[PDB]
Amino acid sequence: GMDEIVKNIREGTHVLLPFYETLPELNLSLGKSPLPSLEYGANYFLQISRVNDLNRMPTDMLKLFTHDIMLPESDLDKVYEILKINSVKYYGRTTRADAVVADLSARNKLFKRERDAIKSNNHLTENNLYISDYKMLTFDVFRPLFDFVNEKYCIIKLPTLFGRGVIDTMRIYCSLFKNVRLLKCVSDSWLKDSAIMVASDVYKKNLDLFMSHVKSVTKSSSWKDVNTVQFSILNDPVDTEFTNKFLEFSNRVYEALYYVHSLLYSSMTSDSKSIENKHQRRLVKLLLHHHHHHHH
């Protein structure tokens, strides 16, 4: 419904993930990430189809039509304010911090390389956008755990909600923390499928089991930047109930992203051959309209 889409974009959305006492059978391997699958909720139409349309556009035109709506992403700062977090850290054990943080998103950028228009040209099709790119979920999504000691929160901005890897990663955190929540804030980019995981109330005892497995596979107790690569961690699929719980949040995001990207694509392919069109006006209005009732 259009009512749910508007409120999700204008107010944000979130879900509370459950806690699992048992960690699934861990099997870390670095280099290759698991491919998306139907059991994990892969959906070309909802998650890829409109993204593939924007991929064919030349990036010079994509930058012109997204110039006004590419606002600085500040959803991590918004979370720090709500949680009354004073200081944060990414690593290290010699400083005090309220939370350990990792930011895997592509902040303030939408595409990887400048590229001309594509007439699908071998039927070919590498994704140039930072949207629905499961390759963005590198192994540094677990770096906060290497130096997690007495901190209260583990905050991670996920770069995507697409693929099996992100669901497997959230299943692990739901065994390492007893309070895990997925967030997509208003001040986050609603052109990309990014989100924020907020986890608290750490379960130290199976956190040690996880880090013990990671240290044995990586053959190192400290973090190594050479391991900022793709990976898989779980063998058998996770609970279907947990997948559907993730998809409840995931669907709401991709429902709104489809409307946002359809407006952008209709504006760029408008018969008026201009940025001044009915689609661009609704797109700029929905995203750039001030929340005056929250401040003034």
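When you see a residue number, it is the position in the sequence shown, counting from 1.
Legend: mean Cα B-factor per stretch from the PDB entry, 265 to 273 versus 48 to 56; the higher mean is in 265 to 273. As listed in the deposited structure, the average C-alpha B-factor of 86 to 94 and of 210 to 218 is greater for 86 to 94. Ranking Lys205, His123, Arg164, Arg115 by Cα temperature factor from the entry places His123 first.
Within the listed group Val79, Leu183, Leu176, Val141, the record reports its top CA B-factor for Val79.
Compared with the other modelled residues of the chain, the Cα B-factor recorded for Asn27 ranks in the lowest third. In the deposited entry, the Cα temperature factor of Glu255 sits in the bottom third of values across the chain's modelled residues.
Ranked by C-alpha B-factor against the other modelled residues of its chain, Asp75 falls in the lowest third. Per the deposited record, the Cα B-factor of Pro34 falls in the highest third when ranked against the other modelled residues of its chain.
The entry lists a Cα temperature factor for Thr169 that places it in the lowest third of the chain's modelled residues.
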